[PDB]
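*Asks:* Below: one structure in structure tokens.
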Amino acid sequence: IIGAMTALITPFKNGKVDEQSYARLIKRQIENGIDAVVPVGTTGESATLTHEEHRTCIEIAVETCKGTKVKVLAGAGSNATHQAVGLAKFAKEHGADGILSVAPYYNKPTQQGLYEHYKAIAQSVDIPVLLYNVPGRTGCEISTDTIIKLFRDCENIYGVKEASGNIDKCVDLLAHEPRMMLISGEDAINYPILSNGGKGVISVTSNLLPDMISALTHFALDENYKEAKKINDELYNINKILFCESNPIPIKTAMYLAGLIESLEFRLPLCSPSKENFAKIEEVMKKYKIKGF
Amino acid sequence: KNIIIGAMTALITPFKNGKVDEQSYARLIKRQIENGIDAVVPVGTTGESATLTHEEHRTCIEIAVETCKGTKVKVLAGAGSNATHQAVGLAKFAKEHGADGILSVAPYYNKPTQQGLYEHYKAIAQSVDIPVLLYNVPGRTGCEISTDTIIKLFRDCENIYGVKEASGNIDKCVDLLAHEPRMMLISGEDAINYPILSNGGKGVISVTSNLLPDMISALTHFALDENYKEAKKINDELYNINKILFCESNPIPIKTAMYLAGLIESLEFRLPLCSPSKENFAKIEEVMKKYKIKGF
Ligand SMILES: NCCCC[C@@](N)(CC[C@](N)(CCCCN)C(=O)O)C(=O)O
Ligand SMILES: [Mg+2]
Ligand SMILES: [Mg+2]
Ligand SMILES: [Mg+2]
């Protein structure tokens, strides 16, 4: 799975997942050229969803994408490998087109550990598995050597979502293993990653501006770097402001400000932004045309 | 404030055939008690909290509580979570099953803001009536409890009595105790146990004490009595083992050392954790030779 993809926010209403809004947000993604959706990633507050909720989000999404050509890359990562295998199987059993699997967080496995963790996951299913490196959140980094070995050693492993701010590593990955699918995990540098041969994005910004992110990715895949860079440059201010506080606090605030969700609700320890950052997000949004439903 | 201080151990969790070796767990805790340790921390990072089931997590806390009854040794139960609802539940559990207090690591992976951290710990503290020790380890969580947030929580919440600091930032340790000297600063970094204690820290939550509880015990008690020459001498002696126990991610080296010492049956982890490199295995074995390891 490649192309423009959205790390879906998870809207809450009165402390529960707003399931109708969840399906409605995914339809809006489909209407605006998105190629795949990622239920229950970091942006979807996977850490604070119950097992049941995690499972249901994937189900809505698979169901809502059914019939369209939009794929579901299910959030299935865990820092407990038994758990990650579990999630992988669930996704497969419930029709996900594939899986996203974040590098274990908090426990800091070694490179050998990561290899084992992912081999376990990959062998438990037969759908594509997309590796996810975000060391600022996990405390560990999947080495370039480890990524490559996994790609070559495990049939299902087809690439990595990179959120490390390290374009050198992106060169390193595609120079030594050009067959893998490098996916941008940091919206601000979507174009530089695509222009080095990246084949997709898993975007926070596309929650609010899916048409802009989808166009950017498709310009780039069609080798119109001029127009892809144009959108990337235009999106920089919003791409930065969406991380003025830890994601998904700004994007949910933006979605609520645009009237796209009913309630600016998080699950603790996530919370509302500062009032000043709230106003900063509101101000930056005003320079972009935000698609409705 | 009610407090839990002194020399404390972040207990490893031994596995046998993919199950918690509950008999070895109790035996290991008794070894800590008999070597001068003041409190034990079941199921922290060193106890592989991430890969235990909820039931196993509960079981290890209960085993700790039961093993320390009839002694002066306290149980500071590992109760952290990156989901506030789960952390409150763990705090409640620890309270209801006889723990003396809880340790609660800063939420990992989802990187809450300072406002969110405040709210997170306030909900935990307001849910029980036993001491709560914050735990700051930004290298593992991806976030930091700022000094201001720590102090605000200490002053605003009755049961929050201090912080376990594992951030290699002695400046912050000065900052903390210079602006709020009533709090209990606990070293979460073995190599710098003495510097933290010598600045007014009141205890350690140690990985090395799994292997050398008597030495960590003496270091802390020497330091608490302001016998800084003797405390520093032990800290200096311990530096080599303190560092080698993090050649690979904790608790991979300490469990390796415990296995080499014959203190656990199997060198078993739960994935994504795994045995160390063959090279680091030998390095740990070599460093160990320079220390006298207490038996059972
Ligand atoms: N997607 C919904 C599940 C969320 C579970 C958890 N909050 C905690 C994961 C866990 N491995 C649970 C350990 C439970 C026993 N201590 C962790 O806290 O590390 C996470 O993965 O962030
Ligand atoms: Mg398409
Ligand atoms: Mg994931
Ligand atoms: Mg004395």
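Chain labels run A, B, ... following the order of the structure tokens; each chain numbers its residues from 1, and ligands are numbered from 1 in the order shown.
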Taking only C-alpha atoms and all ligand atoms into account, which residues are within 10 Å of ligand 2, as a count of residues only?

*Replies:* 16

*Asks:* Ligand 4: which residues are within 10 Å, counting only C-alpha atoms and all ligand atoms, as a list in words?

*Replies:* residues 221, 222, 223, 224, 225, 226 and 227 of chain B

*Asks:* List all protein, DNA and RNA residues that have at least one atom no more than 9 Å from any atom of ligand 1, counting only C-alpha atoms and all ligand atoms, and write them as a count of residues only.

*Replies:* 51

*Asks:* At a cut-off of 12 Å, using only C-alpha atoms, what residues contact residue 144 (chain B)? Leave out same-chain residues fewer than 6 positions from it and give the result as number ranges by chain.

*Replies:* A: 136-137; B: 105-118, 134-138, 150, 163, 165-167, 169, 172

*Asks:* Name all residues at most 7 Å from region 266-281 of chain A (count only C-alpha atoms; drop same-chain ones fewer than 2 positions away) and give them as a PyMOL selection string.

*Replies:* (chain A and resi 12+48+241+245+249-250+254+264+283-285) or (chain B and resi 83-84+112+116-117+119-120)

*Asks:* Give the strand (DSSP E or B) residues of region 145-256 of chain A, as DSSP finds them on the backbone, and put them as a ChimeraX atom specification.

*Replies:* /A:157-162,181-184,200-203

*Asks:* Report as a ChimeraX atom specification all protein, DNA and RNA residues lying within 9 Å of residue 207 (chain A), evaluated on only C-alpha atoms, omitting residues in the same chain fewer than 3 positions from it.

*Replies:* /A:6-9,25,29,203-204,210,251-252,255

*Asks:* Dump N, CA and C atoms for the selected residues as an mmCIF file, in the first residue's frame?

*Replies:*
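Below is the file selection.cif, written as the result:
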data_model
loop_
_atom_site.group_PDB
_atom_site.id
_atom_site.type_symbol
_atom_site.label_atom_id
_atom_site.label_comp_id
_atom_site.auth_asym_id
_atom_site.auth_seq_id
_atom_site.Cartn_x
_atom_site.Cartn_y
_atom_site.Cartn_z
ATOM 1 N N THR A 6 -4.058 8.904 5.263
ATOM 2 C CA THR A 6 -4.425 9.774 6.374
ATOM 3 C C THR A 6 -4.354 9.006 7.687
ATOM 4 N N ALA A 7 -3.593 9.541 8.641
ATOM 5 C CA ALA A 7 -3.619 9.066 10.024
ATOM 6 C C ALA A 7 -4.863 9.658 10.673
ATOM 7 N N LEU A 8 -5.945 8.877 10.666
ATOM 8 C CA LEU A 8 -7.255 9.378 11.065
ATOM 9 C C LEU A 8 -7.280 9.782 12.532
ATOM 10 N N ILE A 9 -7.818 10.974 12.806
ATOM 11 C CA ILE A 9 -8.157 11.312 14.183
ATOM 12 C C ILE A 9 -9.323 10.441 14.639
ATOM 13 N N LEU A 25 -16.046 11.064 8.535
ATOM 14 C CA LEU A 25 -14.742 11.654 8.252
ATOM 15 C C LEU A 25 -13.992 10.845 7.203
ATOM 16 N N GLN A 29 -12.548 11.845 3.412
ATOM 17 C CA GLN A 29 -11.226 11.515 2.893
ATOM 18 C C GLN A 29 -11.324 10.892 1.506
ATOM 19 N N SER A 203 -0.348 11.051 6.622
ATOM 20 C CA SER A 203 -0.349 12.470 6.933
ATOM 21 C C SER A 203 -1.244 12.779 8.123
ATOM 22 N N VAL A 204 -0.793 13.720 8.952
ATOM 23 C CA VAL A 204 -1.679 14.358 9.918
ATOM 24 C C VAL A 204 -2.489 15.454 9.238
ATOM 25 N N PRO A 210 -7.327 17.142 3.092
ATOM 26 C CA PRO A 210 -6.991 15.919 2.341
ATOM 27 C C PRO A 210 -6.760 16.161 0.863
ATOM 28 N N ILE A 251 -4.333 19.008 15.564
ATOM 29 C CA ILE A 251 -5.175 18.628 14.429
ATOM 30 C C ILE A 251 -6.627 18.471 14.866
ATOM 31 N N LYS A 252 -6.858 17.887 16.044
ATOM 32 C CA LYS A 252 -8.220 17.784 16.554
ATOM 33 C C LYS A 252 -8.806 19.165 16.813
ATOM 34 N N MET A 255 -9.727 20.410 13.402
ATOM 35 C CA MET A 255 -10.941 19.747 12.931
ATOM 36 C C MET A 255 -12.174 20.295 13.636
#

*Asks:* I'd like the neighbourhood of region 252-267 of chain B as a PyMOL selection string, where a residue qualifies if any of its atoms comes within 10 Å (using only C-alpha atoms), though same-chain residues fewer than 3 positions away should be ignored.

*Replies:* (chain A and resi 109-110) or (chain B and resi 12-17+21+24-25+27-28+31+46-48+207-212+241-242+244-249+273-276+280-281+283-285+287-288+293-296)

*Asks:* Could you pull out the alpha helix (DSSP H) residues of region 32-81 of chain B, going by DSSP on the backbone, and write them as a PyMOL selection string?

*Replies:* chain B and resi 32-33+54-67

*Asks:* Take the residues that were just selected and, keeping N, CA, C and O atoms, output them as a PDB file, in the first residue's frame.

*Replies:*
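Wrote it out as part06.pdb, contents follow:
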ATOM      1  N   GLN B  32      16.530  -9.227  48.647  1.00  0.00           N
ATOM      2  CA  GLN B  32      16.622  -7.779  48.801  1.00  0.00           C
ATOM      3  C   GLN B  32      16.382  -7.365  50.248  1.00  0.00           C
ATOM      4  O   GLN B  32      17.111  -6.530  50.799  1.00  0.00           O
ATOM      5  N   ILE B  33      15.348  -7.931  50.874  1.00  0.00           N
ATOM      6  CA  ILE B  33      15.028  -7.596  52.261  1.00  0.00           C
ATOM      7  C   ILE B  33      16.213  -7.899  53.168  1.00  0.00           C
ATOM      8  O   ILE B  33      16.600  -7.083  54.012  1.00  0.00           O
ATOM      9  N   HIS B  54      -2.090  -7.802  32.344  1.00  0.00           N
ATOM     10  CA  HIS B  54      -2.668  -7.080  33.471  1.00  0.00           C
ATOM     11  C   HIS B  54      -2.705  -7.958  34.713  1.00  0.00           C
ATOM     12  O   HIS B  54      -2.426  -7.495  35.825  1.00  0.00           O
ATOM     13  N   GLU B  55      -3.026  -9.241  34.534  1.00  0.00           N
ATOM     14  CA  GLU B  55      -3.083 -10.166  35.658  1.00  0.00           C
ATOM     15  C   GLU B  55      -1.702 -10.399  36.257  1.00  0.00           C
ATOM     16  O   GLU B  55      -1.549 -10.416  37.484  1.00  0.00           O
ATOM     17  N   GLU B  56      -0.689 -10.590  35.408  1.00  0.00           N
ATOM     18  CA  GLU B  56       0.672 -10.776  35.904  1.00  0.00           C
ATOM     19  C   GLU B  56       1.163  -9.546  36.654  1.00  0.00           C
ATOM     20  O   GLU B  56       1.827  -9.665  37.692  1.00  0.00           O
ATOM     21  N   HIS B  57       0.852  -8.357  36.132  1.00  0.00           N
ATOM     22  CA  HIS B  57       1.193  -7.113  36.814  1.00  0.00           C
ATOM     23  C   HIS B  57       0.595  -7.079  38.214  1.00  0.00           C
ATOM     24  O   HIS B  57       1.275  -6.748  39.191  1.00  0.00           O
ATOM     25  N   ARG B  58      -0.690  -7.411  38.319  1.00  0.00           N
ATOM     26  CA  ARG B  58      -1.343  -7.487  39.620  1.00  0.00           C
ATOM     27  C   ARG B  58      -0.688  -8.541  40.506  1.00  0.00           C
ATOM     28  O   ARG B  58      -0.457  -8.305  41.699  1.00  0.00           O
ATOM     29  N   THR B  59      -0.384  -9.712  39.938  1.00  0.00           N
ATOM     30  CA  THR B  59       0.197 -10.803  40.718  1.00  0.00           C
ATOM     31  C   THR B  59       1.538 -10.410  41.331  1.00  0.00           C
ATOM     32  O   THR B  59       1.800 -10.707  42.505  1.00  0.00           O
ATOM     33  N   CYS B  60       2.399  -9.733  40.560  1.00  0.00           N
ATOM     34  CA  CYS B  60       3.718  -9.378  41.072  1.00  0.00           C
ATOM     35  C   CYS B  60       3.627  -8.358  42.197  1.00  0.00           C
ATOM     36  O   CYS B  60       4.398  -8.422  43.160  1.00  0.00           O
ATOM     37  N   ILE B  61       2.688  -7.423  42.096  1.00  0.00           N
ATOM     38  CA  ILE B  61       2.467  -6.474  43.187  1.00  0.00           C
ATOM     39  C   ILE B  61       2.033  -7.211  44.446  1.00  0.00           C
ATOM     40  O   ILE B  61       2.531  -6.948  45.547  1.00  0.00           O
ATOM     41  N   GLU B  62       1.102  -8.158  44.297  1.00  0.00           N
ATOM     42  CA  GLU B  62       0.630  -8.925  45.447  1.00  0.00           C
ATOM     43  C   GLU B  62       1.751  -9.756  46.059  1.00  0.00           C
ATOM     44  O   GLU B  62       1.866  -9.844  47.286  1.00  0.00           O
ATOM     45  N   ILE B  63       2.575 -10.389  45.220  1.00  0.00           N
ATOM     46  CA  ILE B  63       3.701 -11.164  45.735  1.00  0.00           C
ATOM     47  C   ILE B  63       4.648 -10.270  46.526  1.00  0.00           C
ATOM     48  O   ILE B  63       5.119 -10.642  47.610  1.00  0.00           O
ATOM     49  N   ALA B  64       4.945  -9.078  45.999  1.00  0.00           N
ATOM     50  CA  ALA B  64       5.787  -8.125  46.719  1.00  0.00           C
ATOM     51  C   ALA B  64       5.173  -7.752  48.063  1.00  0.00           C
ATOM     52  O   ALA B  64       5.848  -7.786  49.099  1.00  0.00           O
ATOM     53  N   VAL B  65       3.891  -7.374  48.061  1.00  0.00           N
ATOM     54  CA  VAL B  65       3.215  -6.988  49.299  1.00  0.00           C
ATOM     55  C   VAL B  65       3.263  -8.121  50.316  1.00  0.00           C
ATOM     56  O   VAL B  65       3.548  -7.901  51.500  1.00  0.00           O
ATOM     57  N   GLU B  66       2.976  -9.347  49.877  1.00  0.00           N
ATOM     58  CA  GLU B  66       2.953 -10.477  50.800  1.00  0.00           C
ATOM     59  C   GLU B  66       4.346 -10.783  51.342  1.00  0.00           C
ATOM     60  O   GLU B  66       4.497 -11.135  52.518  1.00  0.00           O
ATOM     61  N   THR B  67       5.375 -10.668  50.501  1.00  0.00           N
ATOM     62  CA  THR B  67       6.722 -11.006  50.939  1.00  0.00           C
ATOM     63  C   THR B  67       7.279  -9.987  51.929  1.00  0.00           C
ATOM     64  O   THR B  67       8.117 -10.338  52.768  1.00  0.00           O
TER      65      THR B  67
END

*Asks:* Counting only C-alpha atoms, which of A:258, A:85, A:209, A:57 gets nearest to chain B?

*Replies:*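 Between A:258, A:85, A:209, A:57, the residue approaching chain B most closely is A:85.
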
*Asks:* Which neighbours of residue 231 (chain B) fall inside 12 Å, counting only C-alpha atoms, when residues of the same chain fewer than 6 positions from it are skipped, and could you give them as a list in words?

*Replies:* residues 192, 193, 194, 195, 196, 197, 198, 215, 216, 217, 218, 219, 220, 221, 222, 223, 224, 225, 237 and 238 of chain B

*Asks:* Please, what distance in Å, to one decimal, runs between CA of residue 211 (chain A) and CA of residue 263 (chain A)?

*Replies:* 23.4 Å
